[PDB]
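Undergrad: Here's a structure for you.
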Amino acid sequence: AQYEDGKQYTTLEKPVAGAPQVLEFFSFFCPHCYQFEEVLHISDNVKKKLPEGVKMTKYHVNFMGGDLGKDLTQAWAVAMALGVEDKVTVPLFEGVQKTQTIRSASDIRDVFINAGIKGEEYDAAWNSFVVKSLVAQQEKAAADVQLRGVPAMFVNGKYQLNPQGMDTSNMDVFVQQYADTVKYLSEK
């Protein structure tokens, strides 16, 4: 076929019931994730091609960067609760991987403060039980599906994107192939 299991995607032998439609995992410590976000804008190009009515979910993972990695999963929970994903993602990537000015929870906090979220509002979210279960959700979803590597994308808890089996000579072409694969999978 044109789209083949084991080629642009793999199939989960153990499918995940009731999983979010399009589910992406990343880590701010993850170099390919930096590229997916900064250079390729994968999430955004996928959205642009998804059908009407499909929800897009993105979660952080713990298994990179030890203690800070977990702080980052809680911080991403704060970002989701406050709806400020679009304002912290870039400085978080750059603070961890580019300038290396993120070394502690406090440095993660500074990024939110500088993005305009108020200290009070941040600390309140950070400590809230609405953020805790949002951390739990991130962990559960990664738990449900094997996850030992990022970036990772899953469609309807049954298919996993396989970017290794796509051409990377042209960046734009890789992205379109990636996005089209999600849309194919979405309709499957």
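Letters for chains follow the order of the structure tokens (A, B, ...), residue numbers begin at 1 for each chain, and ligand numbers begin at 1 in the order shown.
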Any chance you could list, as a ChimeraX atom specification, the residues in segment 126-175 of chain A that come up helix (DSSP H, G or I) when DSSP is run on the backbone?
TA: /A:126-127,129-144,163-165,171-175
Undergrad: Near segment 98-104 of chain A, counting only C-alpha atoms, which residues have an atom at most 12 Å away, once you skip same-chain residues fewer than 6 positions from it, shown as a list in words?
TA: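 Near segment 98-104 of chain A, the qualifying residues are residues 28, 29, 30, 31, 34, 35, 38, 65, 66, 67, 68, 69, 70, 71, 72, 75, 90, 91, 92, 110, 111 and 112 of chain A.
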Undergrad: Got a sec: who's within 12 Å of residue 78 of chain A, counting only C-alpha atoms, leaving out chain neighbours fewer than 5 positions off, as a PDB file with N, CA, C and O atoms, in the first residue's frame?
TA:
ATOM      1  N   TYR A  59       1.244  16.205  26.025  1.00  0.00           N
ATOM      2  CA  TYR A  59       1.695  16.010  27.400  1.00  0.00           C
ATOM      3  C   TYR A  59       3.217  15.923  27.545  1.00  0.00           C
ATOM      4  O   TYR A  59       3.909  15.389  26.685  1.00  0.00           O
ATOM      5  N   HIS A  60       3.714  16.384  28.684  1.00  0.00           N
ATOM      6  CA  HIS A  60       5.123  16.290  29.014  1.00  0.00           C
ATOM      7  C   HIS A  60       5.417  14.952  29.687  1.00  0.00           C
ATOM      8  O   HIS A  60       4.509  14.320  30.190  1.00  0.00           O
ATOM      9  N   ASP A  71       9.674  18.502  37.569  1.00  0.00           N
ATOM     10  CA  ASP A  71       9.271  19.898  37.726  1.00  0.00           C
ATOM     11  C   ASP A  71       8.651  20.390  36.438  1.00  0.00           C
ATOM     12  O   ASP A  71       7.672  21.130  36.456  1.00  0.00           O
ATOM     13  N   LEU A  72       9.229  19.985  35.313  1.00  0.00           N
ATOM     14  CA  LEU A  72       8.737  20.445  34.028  1.00  0.00           C
ATOM     15  C   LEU A  72       7.357  19.854  33.717  1.00  0.00           C
ATOM     16  O   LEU A  72       6.505  20.529  33.147  1.00  0.00           O
ATOM     17  N   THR A  73       7.115  18.606  34.111  1.00  0.00           N
ATOM     18  CA  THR A  73       5.786  18.011  33.918  1.00  0.00           C
ATOM     19  C   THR A  73       4.749  18.724  34.789  1.00  0.00           C
ATOM     20  O   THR A  73       3.638  19.005  34.336  1.00  0.00           O
ATOM     21  N   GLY A  83      -3.945  27.799  30.502  1.00  0.00           N
ATOM     22  CA  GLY A  83      -4.052  28.005  29.068  1.00  0.00           C
ATOM     23  C   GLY A  83      -2.946  28.882  28.512  1.00  0.00           C
ATOM     24  O   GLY A  83      -3.172  29.703  27.623  1.00  0.00           O
ATOM     25  N   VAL A  84      -1.730  28.712  29.008  1.00  0.00           N
ATOM     26  CA  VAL A  84      -0.660  29.574  28.545  1.00  0.00           C
ATOM     27  C   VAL A  84       0.422  28.775  27.834  1.00  0.00           C
ATOM     28  O   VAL A  84       1.589  29.165  27.857  1.00  0.00           O
ATOM     29  N   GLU A  85       0.043  27.639  27.243  1.00  0.00           N
ATOM     30  CA  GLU A  85       0.994  26.802  26.515  1.00  0.00           C
ATOM     31  C   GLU A  85       1.747  27.581  25.470  1.00  0.00           C
ATOM     32  O   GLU A  85       2.947  27.422  25.325  1.00  0.00           O
ATOM     33  N   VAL A  88       4.758  29.835  26.893  1.00  0.00           N
ATOM     34  CA  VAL A  88       5.895  29.328  27.667  1.00  0.00           C
ATOM     35  C   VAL A  88       6.689  28.266  26.935  1.00  0.00           C
ATOM     36  O   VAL A  88       7.829  27.993  27.302  1.00  0.00           O
ATOM     37  N   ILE A 108      12.221  27.786  36.276  1.00  0.00           N
ATOM     38  CA  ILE A 108      11.068  27.480  35.440  1.00  0.00           C
ATOM     39  C   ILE A 108      10.018  28.538  35.715  1.00  0.00           C
ATOM     40  O   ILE A 108       9.442  29.112  34.788  1.00  0.00           O
ATOM     41  N   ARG A 109       9.774  28.796  36.999  1.00  0.00           N
ATOM     42  CA  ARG A 109       8.867  29.869  37.399  1.00  0.00           C
ATOM     43  C   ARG A 109       9.192  31.226  36.713  1.00  0.00           C
ATOM     44  O   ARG A 109       8.281  31.908  36.233  1.00  0.00           O
ATOM     45  N   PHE A 112       7.583  31.783  33.361  1.00  0.00           N
ATOM     46  CA  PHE A 112       6.166  32.109  33.418  1.00  0.00           C
ATOM     47  C   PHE A 112       5.965  33.576  33.793  1.00  0.00           C
ATOM     48  O   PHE A 112       5.132  34.264  33.207  1.00  0.00           O
ATOM     49  N   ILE A 117       2.515  35.792  33.302  1.00  0.00           N
ATOM     50  CA  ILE A 117       1.684  35.141  34.309  1.00  0.00           C
ATOM     51  C   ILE A 117       2.094  35.678  35.674  1.00  0.00           C
ATOM     52  O   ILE A 117       3.281  35.813  35.948  1.00  0.00           O
ATOM     53  N   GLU A 121      -0.553  33.845  40.779  1.00  0.00           N
ATOM     54  CA  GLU A 121      -1.385  32.976  39.960  1.00  0.00           C
ATOM     55  C   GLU A 121      -0.638  31.697  39.633  1.00  0.00           C
ATOM     56  O   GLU A 121      -1.202  30.601  39.639  1.00  0.00           O
ATOM     57  N   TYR A 122       0.650  31.844  39.358  1.00  0.00           N
ATOM     58  CA  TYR A 122       1.502  30.690  39.124  1.00  0.00           C
ATOM     59  C   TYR A 122       1.635  29.787  40.355  1.00  0.00           C
ATOM     60  O   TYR A 122       1.474  28.574  40.276  1.00  0.00           O
ATOM     61  N   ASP A 123       1.945  30.379  41.497  1.00  0.00           N
ATOM     62  CA  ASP A 123       2.203  29.592  42.686  1.00  0.00           C
ATOM     63  C   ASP A 123       0.941  28.897  43.135  1.00  0.00           C
ATOM     64  O   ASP A 123       0.997  27.791  43.659  1.00  0.00           O
ATOM     65  N   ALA A 124      -0.186  29.577  42.972  1.00  0.00           N
ATOM     66  CA  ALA A 124      -1.492  29.015  43.318  1.00  0.00           C
ATOM     67  C   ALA A 124      -1.807  27.787  42.451  1.00  0.00           C
ATOM     68  O   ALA A 124      -2.177  26.740  42.974  1.00  0.00           O
ATOM     69  N   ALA A 125      -1.667  27.921  41.135  1.00  0.00           N
ATOM     70  CA  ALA A 125      -1.808  26.771  40.229  1.00  0.00           C
ATOM     71  C   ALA A 125      -0.836  25.650  40.601  1.00  0.00           C
ATOM     72  O   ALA A 125      -1.261  24.516  40.833  1.00  0.00           O
ATOM     73  N   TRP A 126       0.459  25.979  40.655  1.00  0.00           N
ATOM     74  CA  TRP A 126       1.526  25.020  40.971  1.00  0.00           C
ATOM     75  C   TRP A 126       1.162  24.078  42.107  1.00  0.00           C
ATOM     76  O   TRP A 126       1.500  22.900  42.085  1.00  0.00           O
ATOM     77  N   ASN A 127       0.481  24.616  43.109  1.00  0.00           N
ATOM     78  CA  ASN A 127       0.174  23.888  44.326  1.00  0.00           C
ATOM     79  C   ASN A 127      -1.245  23.316  44.349  1.00  0.00           C
ATOM     80  O   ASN A 127      -1.612  22.587  45.266  1.00  0.00           O
ATOM     81  N   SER A 128      -2.033  23.653  43.338  1.00  0.00           N
ATOM     82  CA  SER A 128      -3.429  23.233  43.270  1.00  0.00           C
ATOM     83  C   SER A 128      -3.651  21.748  42.938  1.00  0.00           C
ATOM     84  O   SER A 128      -2.869  21.130  42.205  1.00  0.00           O
ATOM     85  N   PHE A 129      -4.755  21.186  43.432  1.00  0.00           N
ATOM     86  CA  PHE A 129      -5.053  19.799  43.114  1.00  0.00           C
ATOM     87  C   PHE A 129      -5.619  19.693  41.708  1.00  0.00           C
ATOM     88  O   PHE A 129      -5.602  18.618  41.150  1.00  0.00           O
ATOM     89  N   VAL A 130      -6.087  20.783  41.109  1.00  0.00           N
ATOM     90  CA  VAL A 130      -6.409  20.711  39.684  1.00  0.00           C
ATOM     91  C   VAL A 130      -5.105  20.489  38.886  1.00  0.00           C
ATOM     92  O   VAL A 130      -5.115  19.761  37.906  1.00  0.00           O
ATOM     93  N   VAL A 131      -3.963  21.008  39.340  1.00  0.00           N
ATOM     94  CA  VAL A 131      -2.694  20.677  38.663  1.00  0.00           C
ATOM     95  C   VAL A 131      -2.177  19.245  38.932  1.00  0.00           C
ATOM     96  O   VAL A 131      -1.686  18.588  38.009  1.00  0.00           O
ATOM     97  N   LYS A 132      -2.306  18.759  40.170  1.00  0.00           N
ATOM     98  CA  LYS A 132      -1.947  17.375  40.535  1.00  0.00           C
ATOM     99  C   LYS A 132      -2.580  16.273  39.627  1.00  0.00           C
ATOM    100  O   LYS A 132      -1.899  15.357  39.171  1.00  0.00           O
ATOM    101  N   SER A 133      -3.893  16.306  39.441  1.00  0.00           N
ATOM    102  CA  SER A 133      -4.580  15.301  38.607  1.00  0.00           C
ATOM    103  C   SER A 133      -4.200  15.532  37.154  1.00  0.00           C
ATOM    104  O   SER A 133      -4.183  14.599  36.358  1.00  0.00           O
ATOM    105  N   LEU A 134      -3.851  16.771  36.820  1.00  0.00           N
ATOM    106  CA  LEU A 134      -3.382  17.057  35.472  1.00  0.00           C
ATOM    107  C   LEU A 134      -1.973  16.449  35.275  1.00  0.00           C
ATOM    108  O   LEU A 134      -1.697  15.873  34.223  1.00  0.00           O
ATOM    109  N   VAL A 135      -1.138  16.467  36.316  1.00  0.00           N
ATOM    110  CA  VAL A 135       0.099  15.680  36.322  1.00  0.00           C
ATOM    111  C   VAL A 135      -0.217  14.177  36.212  1.00  0.00           C
ATOM    112  O   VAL A 135       0.425  13.458  35.445  1.00  0.00           O
TER     113      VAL A 135
END
Undergrad: Tell me, in Å to one decimal, how far atom CA of residue 106 of chain A is from atom CA of residue 120 of chain A.
TA: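 Answer for the atom CA of residue 106 of chain A to atom CA of residue 120 of chain A separation: 13.7 Å.
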Undergrad: What are the nearest atom pairs, with distances in Å to one decimal, for all residues of segment 55-137 of chain A that come at most 10 Å from segment 142-151 of chain A, using only C-alpha atoms, set out by chain and rising residue number as a Markdown table?
TA:
| residue | atom | partner | partner_atom | distance |
| --- | --- | --- | --- | --- |
| A:59 | CA | A:142 | CA | 8.4 |
| A:60 | CA | A:142 | CA | 8.9 |
| A:61 | CA | A:142 | CA | 7.3 |
| A:62 | CA | A:142 | CA | 9.4 |
| A:63 | CA | A:148 | CA | 7.6 |
| A:64 | CA | A:149 | CA | 9.4 |
| A:136 | CA | A:142 | CA | 9.9 |
| A:137 | CA | A:142 | CA | 8.6 |
